[PDB]
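Participant: This structure is in structure tokens; I'll ask about it shortly.
Positions of Cβ are generated from backbone atoms using ideal geometry, with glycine treated the same way; all protein chains shown enter the neighbour counts. Quick note: the coordinates plus some simple rules give every number you see, no bench work behind them.
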């Protein structure tokens, strides 16, 4: 363990040394327009958000090349600190680039950025998978005169032929979701330019204290509004109950997730849902799907062109659909407890309450492994073994290695 | 028959002169999945609705499943005379108020 | 949830901001502290005098429901099953979905909300037409969940005894309100020759336009020059000074009003408060515009 | 018509080349037009791929659908440049407020109760000595409006076609105007019948 | 007839609409207006004071409505360039009525001073479909069949020209073409 662990620490202190030793153009004080934009925030800031806001402004004003991550799960003021850090960097002459692993995140952050920086001469565009070369090549990719100040894009911004006339800030949300061929680029551009990364996977409290001097880290935990728990039913799969819960979402003009993990029989499952709810736009999405149809299918889902998304566990966990507030999981005995927690987490995260249905088959009796696991989900200590799992994956992202043979 | 009954049962036979009638564009030819699917997507694009005809009620659920295979994003129901009168008048009033795409 | 130590019981009422720590000395409460969930430690900066622990479910766990559930368990002797509920209900432990068995667990002549208002208190229905369509969808959604979650295939129970707990119609609720002494009054925005119309009209909305906004500002300026009252109500936070600046730009004087006070005649008053849309009362020589009326974004 | 790049191969032109040499182009709701343009080539390409594919056309000879594309829809930017590069300016009218654009001092007619409030609306403006007009599709509906508005204490006449409304009295008129305009610069209010009625 | 021509001329007296034609007179490469859809009629009627004009709406329904209210001010000077009902590569010919309307307007634009076709066109309203759809340049060059009383022509030559214009032959006419 120690000998394997020592390689991690050495590479992390070496990156910290190479960062504080190398040169870096600092950013000036706050532009007067920056404070007016803080008034434009239509909500109250949390204590952790404001204190993190001062922590992101300290090392940007400092001559150090910045490398900080923001921790805390979805729905917090994380993207807001990105908009202010981006406004302070544009209002000091430099440009901002926002790298996201999905084009949905490109469209979402683009909308969040354009809305906030309206009423100010902050030119903002976006280059993702679905944009014509007329706007891509000329407006977005045609960056050499410094026209676009802030851009939100995908790995398409890492192609050979992209330039940035005096760029000064880079923002990467969910860095771990990039490819190996792209994470090397984002890992390279760290000493040259002040960067700020964002993440929702939590790290253990012991880890955060351990690397307090090596990896500068600003985590937030004060909630803006209290999240109220989703109502969870666990039981046998009945078509009339599935149809009532789906119809209850469509009535409130909401969407729903329908989990079917076996891709070989995923279209058979959609046909069953269309049969039950014939007034629902029902589409499927999985990883064995080619990339363009997947990003287009979920582009439409976010744009409310579909009502039920029959997707796999790995598609659903990587999607922020605040309007999807009902989760239905066929064959809930087939899932680890931590997978049920993650599936359930991405619904009902807003002011409107969510509903989660964990259904086991009615044709066969349950095994000895599942009856208590599903009962443990019905209960509002046995789940603690599964939330410790969610910390393991986060530790593999901040340490830069899986070391699966040494964790076990 | 109209003038034969002129004294008994009078009529005001108002009709559309074929000069003011915009006819329906009719295509004849072999069945093609992509052609049928594209023609339904075009109608659905302008927020329209469509009739899909199938008389063998015993296999009409297969027919709905087959058009759902052609256009998965469409909402599709069946309506036939062997139904309960309520479920048919229900299915029909839903189709009129645009709750369904293909009938 | 409630925890029990020696002489200390922690309890978290469902209607409370924080849980409270109750400490006894003999058989009386010695001290009461409010604590936090994260660190389980007392919070001394908030004081408590009394705490009221209302029920967490709309019934009382009695012996009658324990024997009536055990008798119903003899009719149907896995978590999502009906007998599993009645099994824990035979022991006196509540479970989810319980709220569907009160017609069988606690048989009682059900009343409705109006009975609980004090004698003579009226009921004001806002947009009764929209209330009726919503009443239709609720009853339809309610009976759909009854047939779905309480079918004979779901239990492996008489649905019409359960129907006593289901939604009653708009007219059954209106008559129940009038039979109990509560007048049924309505306020609608659609016309009616049978109704009294109020000398009140809605406020101008800017709809994201600049000339709209300049017009509304010129309207408020002309009205305070009249000698009438004008008020811009701001629900948002830190967005009242911006309105004062926008009215100064529009050659209109305005101050920020101390909360609770009324505006002064001849000066536009910017008041922080909850108001979703503005109002014009020419009888009161008063016009109110809200932040949503100027920007077009709800809060 | 779907085989004309092959039955009559000629360099295709566009509608702009047929307009008078000075005529400009004003596009209404240009983002909707662009969105519709993305739907038109998508449905268009869908039909081309569907109607002349290998599985539909007879064997032993394919169809040159790259050549058929000479008649398919041009793109939104391609028709915008081909218009301005031929003498036809590409001007824009939009509903979404733009700061680099020029905003007309024109308000939409408020009409969606909202009936007597609109007749009081017109009675208050007509009393101020400002121009006002009502436009109905039918001449019978106009005469219904001259005394529907007459039931309230507000004068109302009938205008002759092609005549300007009087300076003090409202007036119903036969016209095809869909919705009305409110223009303070001329002290003018037009109320249509489509927005005044519930139809 | 031009019923609301005086009412629209009444509305064009506003300095903002007077501005739009002041800027459009100089003919700038870039001009972006913003206003309610209720003002489409006035803006088109404003730009028409300087000369011809093409107005493009998104859907055919909006083009029909805009052409309709525009006929209340300019009468026969407004005309619609209609859409196809079939995509350019669809195994289905478009409407004979709409093809006629398109070709009739293309020649009206070619021959503004020809009374046989209508008044000189000041506003032509069309859709994004017909704006983006390419056409053959020689469509206007197809000579129509003009029949007036007293015109000396051959019977069989008029018949042979009508079929050349894709007219179907019948024993009894029942449809157009």
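Participant: With a cut-off of 8 Å between alpha carbons and a minimum separation of six or more residues, what is the relative contact order of segment E:37-120 in percent?
Facilitator: Numbers: 55 pairs, mean separation 16.7, N = 84.
With pairs under 8 Å counted, the relative contact order is 20 percent.
Participant: Tell me the relative contact order for chain E as a rounded percent, counting alpha carbon contacts under 8 Å between residues six or more apart.
Facilitator: Values: 180 pairs, mean separation 39.7, N = 177.
Relative contact order here is 22 percent.
Participant: Using label points projected 7 Å from each Cα along Cα→Cβ, tell me how many nm separate residue A:2 and residue A:275, to one decimal.
Facilitator: The two pseudo-label positions are separated by 6.3 nm.
Participant: Compute the separation of the alpha-carbon centres of segment C:221-299 and segment D:122-166 and state it in Å as a whole number.
Facilitator: First find each Cα centre; the distance between them is then 35 Å.
Participant: A further question follows. Only Cα pairs under 8 Å and at least 6 apart count here; give the relative contact order of segment B:3-103 as a rounded whole percent. Intermediate results must be reported in sequence, preceding the final value.
Facilitator: Values: 63 pairs, mean separation 26.7, N = 101.
It rounds to 26 percent for segment B:3-103.
Participant: Can you list, bin by bin at 5 Å, the percent of alpha carbon pairs in segment B:36-81, starting at 0?
Facilitator: Values per bin, smallest distances first: 6, 21, 33, 22, 13, 5, 0.
Participant: For labels at residue A:11 and residue E:50 in the simple 7 Å Cα→Cβ model, what's the distance in nm?
Facilitator: Reported label-point gap for residue A:11 and residue E:50 is 6.4 nm.
Participant: Can you give me the convex hull volume of the Cα atoms of segment A:347-408, divided per residue and expressed in Å³?
Facilitator: On the way: hull volume 10.4 nm³, N = 62.
With only Cα atoms used, segment A:347-408 gives 168 Å³ per residue.
Participant: When the gyration tensor of segment D:5-76 is built from Cα positions, what are the square roots of 5 times its three eigenvalues, in whole Å, from largest to smallest?
Facilitator: On the way: eigenvalues 186, 64, 7 Å².
Gyration-tensor ellipsoid for segment D:5-76: 31, 18, 6 Å.
Participant: Could I ask something else about it? Sorted from largest down, give the three principal axis spans of the alpha carbons of segment E:55-177, whole angstrom values.
Facilitator: Computed over the Cα atoms, the extents are 44, 37, 29 Å.
Participant: From the Cα gyration tensor of segment A:140-216, with a ≥ b ≥ c the square roots of its eigenvalues, which class applies: rounded if a/c is under 1.5, or else prolate if a/b is larger than b/c, or else oblate?
Facilitator: Prolate.
Participant: Working from the pairwise distances between different alpha carbons, so that the mean of 1/r is found and then inverted, what is segment E:14-79's Kirkwood radius in Å? Let's see the in-between values first.
Facilitator: Values: mean 1/r = 0.0790 Å⁻¹.
It works out to 12.7 Å.
Participant: Determine by what factor the alpha-carbon radius of gyration of chain C differs from 2.2 N^0.38 Å, reporting the quotient. Please list the in-between numbers first.
Facilitator: On the way: Rg = 28.1 Å, N = 299, 2.2 N^0.38 = 19.2 Å.
With N residues counted in chain C, Rg over 2.2 N^0.38 Å equals 1.46.
Participant: So how tilted is helix E:15-26 from the main axis of chain E? Cα-based, degrees 0 to 90, rounded to 10.
Facilitator: Tilt of helix E:15-26: around 60 degrees.
Participant: Provide the convex hull volume over Cα atoms per residue for segment D:5-137, in Å³.
Facilitator: Details: hull volume 31.6 nm³, N = 133.
Residue-normalised Cα hull volume stands at 238 Å³.
Participant: Once the convex hull of the alpha carbons of segment C:1-41 is built, what does its volume come to per residue, in cubic angstrom?
Facilitator: Numbers: hull volume 3.0 nm³, N = 41.
It comes to 73 Å³ per residue, whole-number rounded.
Participant: Moving on. Across 5 Å bins from the origin, how do the percents of Cα pairs in chain B run, short distances first?
Facilitator: Bin by bin from 0 Å, the calculated values are 2, 9, 15, 16, 14, 11, 10, 9, 6, 4, 2, 0.
Participant: If you restrict to DSSP beta bridges whose two residues both lie in the protein assembly as shown, what percentage is antiparallel, to the nearest 5?
Facilitator: Working: 23 of 121 bridges.
Roughly 20 percent of the DSSP beta bridges within the protein assembly as shown come out antiparallel.
Participant: How many angstrom lie between the Cα centre of segment E:71-136 and the Cα centre of segment A:269-305?
Facilitator: 40 Å
Participant: How large is the Rg to Rh ratio of chain A when both quantities use alpha carbon positions and Rh follows Kirkwood?
Facilitator: On the way: Rg = 22.5 Å, Rh = 23.0 Å.
Reported Rg/Rh, Kirkwood definition of Rh: 0.98.
Participant: Based only on Cα atoms, what Rg/Rh ratio does segment D:115-199 have, Rh being taken as Kirkwood's radius?
Facilitator: 0.91
Participant: Quick one: check the C-alpha center-to-center distance for segment A:320-343 versus segment A:84-160, whole angstrom.
Facilitator: Computed from Cα coordinates, the inter-centre distance equals 33 Å.
Participant: Okay, moving on. What translational diffusion coefficient, to the nearest whole µm²/s, does segment C:20-108 have by Stokes-Einstein, given a Kirkwood radius computed over alpha-carbon pairs, a temperature of 4 °C and 1.567 mPa s viscosity?
Facilitator: Numbers: Rh = 16.1 Å.
This corresponds to a translational diffusion coefficient of 80 µm²/s.
Participant: What percent of all Cα-Cα pairs in segment A:21-177 falls into each 10 Å bin, going from 0 up to the bin containing the maximum distance?
Facilitator: 10, 41, 38, 11, 0
Participant: Under 4 °C and 1.567 mPa s, how fast does segment C:150-296 diffuse according to Stokes-Einstein, given a Kirkwood radius computed over C-alpha pairs? Answer in µm²/s, whole number.
Facilitator: Details: Rh = 18.8 Å.
Result for D is 69 µm²/s.
Participant: From Cα coordinates alone, what are the radius of gyration and Dmax values for segment C:88-205 in angstrom?
Facilitator: 19.5, 62
Participant: Still on this structure, please answer the following. In whole angstrom, and with the biggest value first, how far do the Cα coordinates of segment A:241-281 range along each principal axis?
Facilitator: 32, 18, 16
Participant: Could I get the Rg over Rh figure for segment C:1-160? Both from C-alpha atoms, Rh via Kirkwood, rounded to two places. Walk me through the intermediate numbers first.
Facilitator: Numbers: Rg = 21.4 Å, Rh = 20.1 Å.
With Rg and the Kirkwood Rh in hand, the quotient comes to 1.07.
Participant: Do me a favour and compute the ellipsoid semi-axes for segment E:120-173 from its Cα gyration tensor, root of five times each eigenvalue, largest one first, whole Å.
Facilitator: Details: eigenvalues 179, 53, 30 Å².
The three semi-axes for segment E:120-173 are 30, 16, 12 Å.
Participant: Using Cα-only point scatterers and the Debye equation, what is log10 of I(q)/I(0) for segment A:237-368 at each q in 0.09, 0.14, 0.19 Å⁻¹, rounded to two decimals?
Facilitator: Each listed q corresponds, in turn, to -0.23, -0.57, -1.09.
Participant: Here's something else I'd like to know. Hey, what's the Kirkwood Rh for the protein assembly as shown if you take every pair of different alpha carbons, in angstrom?
Facilitator: Numbers: mean 1/r = 0.0277 Å⁻¹.
When all Cα pairs of the protein assembly as shown are included, the Kirkwood radius is 36.1 Å.
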